[PDB]
Amino acid sequence: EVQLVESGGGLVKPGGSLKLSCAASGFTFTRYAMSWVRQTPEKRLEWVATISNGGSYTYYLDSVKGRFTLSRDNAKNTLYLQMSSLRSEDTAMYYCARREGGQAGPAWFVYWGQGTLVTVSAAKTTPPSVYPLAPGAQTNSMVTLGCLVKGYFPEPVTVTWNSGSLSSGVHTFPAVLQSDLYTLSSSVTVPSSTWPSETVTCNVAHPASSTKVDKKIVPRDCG
Amino acid sequence: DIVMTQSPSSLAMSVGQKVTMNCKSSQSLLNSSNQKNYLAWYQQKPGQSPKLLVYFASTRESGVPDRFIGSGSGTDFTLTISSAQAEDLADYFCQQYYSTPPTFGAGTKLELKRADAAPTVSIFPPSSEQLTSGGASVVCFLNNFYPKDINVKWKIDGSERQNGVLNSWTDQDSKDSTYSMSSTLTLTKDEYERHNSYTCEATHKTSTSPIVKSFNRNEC
Amino acid sequence: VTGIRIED
Ligand SMILES: *[C@H]1O[C@H](CO[C@]2(C(=O)O)C[C@H](O)[C@@H](NC(C)=O)[C@H]([C@H](O)[C@H](O)CO)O2)[C@H](O)[C@H](O[C@@H]2O[C@H](CO)[C@H](O)[C@H](O[C@]3(C(=O)O)C[C@H](O)[C@@H](NC(C)=O)[C@H]([C@H](O)[C@H](O)CO)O3)[C@H]2O)[C@H]1NC(C)=O
């Protein structure tokens, strides 16, 4: 029952310091080499560093050399990854893993941890600006409404339509980073006979700034 | 620093069909002393950690399904899934451990194969509430289309615009296997009032003619 | 050994 628990990852500013811990159980910690592998927001697996079972020899990714320091504690079966001078290229999910293979060289990883999330950003907690999206004729039998959630940090934001009453035909596109802030959009499609006669409300809630804005979708006044 | 190339980036499959994935390295992972290739395969479901499938090119890990097949040598390696199943819809990475550092490929998404659907394009002008804050975001929703490969474009007054455009892609829908893409053109209120014709257009394999959605800044 | 990650 091999188990790997990562902790210590959190939100940190660029240049700040952060240390990730990795507790190991279910196996002999002194017999294996431990490693850190990170996965970027673009879902790219990137190896960080590898430490030998005795901690004598440490191997680090070249981009990270001089800033990340790997340290092993065979008395408590815990792996420590010191991170200094953190850059906005270091924000990724950091996975603790157990190296395999022989004494020399890299190897594959059978057992991975659930991973710590590390977010490097200089943005302060900012509430989203919630904007209604209204079409510019009822051509089709269906009408598509939308909702723009712009300029919020950190994540996440809960976006629902009519407090969950509108579930079918709802598309919530993932958040994108613009100017150190996040921005997503949500689209709902309803029959033409309902809107604008019936009320379609975009419900957004940002727990980090403790903000809740319910936006009524109003057809575009032109007079 | 070895470069792992995974082909293709996305893989459309049907349940029960044989699935092949390619992985190529800029160096030979063949150790002539033990005649063994140094290449591993990992599976990653969304929200989970990577799971080892096959190491040493063809050696399968314990517990991994027998349908997964590892093959290849030298600089070319292959992951094969005989009778692919809906549980196997995931990301797949290949990793070399011949040289230091360990490098992975970009990854290959395994997606469900479904019939082509044309996108449902909608365009939305900036809200007056955003215009009061000196900003203007033009949103274009392209919903319920397949395959994933779409070429959306923003044109302002007849000229294609690339600056200040952000796109977001949803995952493959678990009920109809379609895709949705949102494109937002962000520009200042003064930048929005300068031009009159905003047009969102995209090209998809479903229609040889590009789907166009426009609006005039002084028309509704 | 060159590149050791497991001491004897
Ligand atoms: C012997 O090779 C290793 C690398 O071995 C591997 C590889 O991963 O490249 C592993 C596998 O055994 C091989 N695979 C097979 C056989 O199938 C694989 C392959 O044969 C080819 O090498 C692939 O190209 O090789 C290193 O190259 C050893 O040399 C070391 O290189 C590093 C740089 O990467 C250092 O410069 C190191 O020099 C020291 C020093 O004293 O000056 C050594 C220190 O211990 C090192 N610390 C480490 C590595 O933890 C230190 C660094 O400066 C650190 O910043 C300090 O923390 O610098 C050098 O020895 C190589 N041995 C020799 C002498 O060739």
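Each answer follows from the model by the rule given with it, or from the source it names; these are not laboratory values. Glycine also receives a Cβ, built like all others from the backbone with ideal geometry; neighbour counts cover every protein chain displayed.
Side notes on the structure shown:
- Of the strands (runs of 3 or more DSSP E) lying entirely inside the range A:1-85, those containing at least 3 residues that are within 14 Å of chain B (Cβ to nearest Cβ), surrounded by 13 or more Cβ atoms within 10 Å (Cβ to Cβ) and not hydroxyl-bearing (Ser, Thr, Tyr) span A:3-7, A:34-39, A:45-51.
- Boolean, B:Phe141 is within 9 Å of chain A (Cβ to nearest Cβ), touching a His at 6+ places or on another chain (Cβ under 9 Å) and more than 18 Å from B:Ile156 (Cβ to Cβ): yes
- Within the range B:11-41, tally of residues that are aromatic (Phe, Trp, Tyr) and either part of a loop (DSSP other than H, G, I, E, B) or more than 11 Å from chain A (Cβ to nearest Cβ) (or both): 1
- Just one of the listed residues (B:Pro101, B:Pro119, B:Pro50, B:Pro8) is surrounded by fewer than 17 Cβ atoms within 10 Å (Cβ to Cβ) and either within 12 Å of chain A (Cβ to nearest Cβ) or away from the ligand (no atom under 16 Å from the Cβ) (or both), and it is B:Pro8.
- Verdict on B:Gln44 being more than 16 Å from the ligand (Cβ to nearest atom) and within 12 Å of chain A (Cβ to nearest Cβ): yes
- The set of residues from the range B:59-75 being of a type in the set (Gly, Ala, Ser) and within 16 Å of the ligand (Cβ to nearest atom) comprises B:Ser73, B:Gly74.
Residue-by-condition table, conditions (1) away from the ligand (no atom under 16 Å from the Cβ); (2) surrounded by fewer than 19 Cβ atoms within 10 Å (Cβ to Cβ); (3) at the interface with another protein chain (Cβ under 10 Å from one of its Cβ atoms); (4) not acidic (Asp, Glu):
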site	(1), (2), (3), (4)
B:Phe77	no, no, no, yes
B:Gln95	no, no, yes, yes
B:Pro125	yes, no, yes, yes
B:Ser137	yes, no, yes, yes
B:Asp157	yes, yes, no, no
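- Summed over the range B:114-160, residues that are touching a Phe, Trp or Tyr at 6+ places or on another chain (Cβ under 9 Å) and under 27 Å from B:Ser174 (Cα atoms) total 22.
- Test: residue in the range A:102-117 that is polar (S, T, N, Q) and over 30 Å from C:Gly3 (Cα atoms): no
- Of all residues making up the range A:121-171, the number that are charged (D, E, K, R) and either under 15 Å from A:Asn203 (Cβ atoms) or within 13 Å of chain B (Cβ to nearest Cβ) (or both): 1
- Cβ-Cβ under 6 Å pairs, at least 6 apart or on other chains, the range A:93-110 side outside the structural domain of A:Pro41 (by CATH), far side within 16 Å of the ligand (Cβ to nearest atom) and small (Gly, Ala, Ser): none
- Tally of residues being surrounded by fewer than 22 Cβ atoms within 10 Å (Cβ to Cβ), out of contact with any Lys or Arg (no Cβ under 7 Å at 6 or more places or on another chain) and assigned to a loop (DSSP other than H, G, I, E, B) across the range A:87-120: 9
- Tally, over the range A:171-209, of residues that are more than 27 Å from the chain's Cα centre (by Cα) and farther than 12 Å from A:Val130 by Cβ: 12
- The sole residue among A:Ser21, A:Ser52, A:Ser56 that is more than 16 Å from the ligand (Cβ to nearest atom), over 29 Å from B:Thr108 (Cα atoms) and touching an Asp or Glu at 6+ places or on another chain (Cβ under 8 Å) is A:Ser21.
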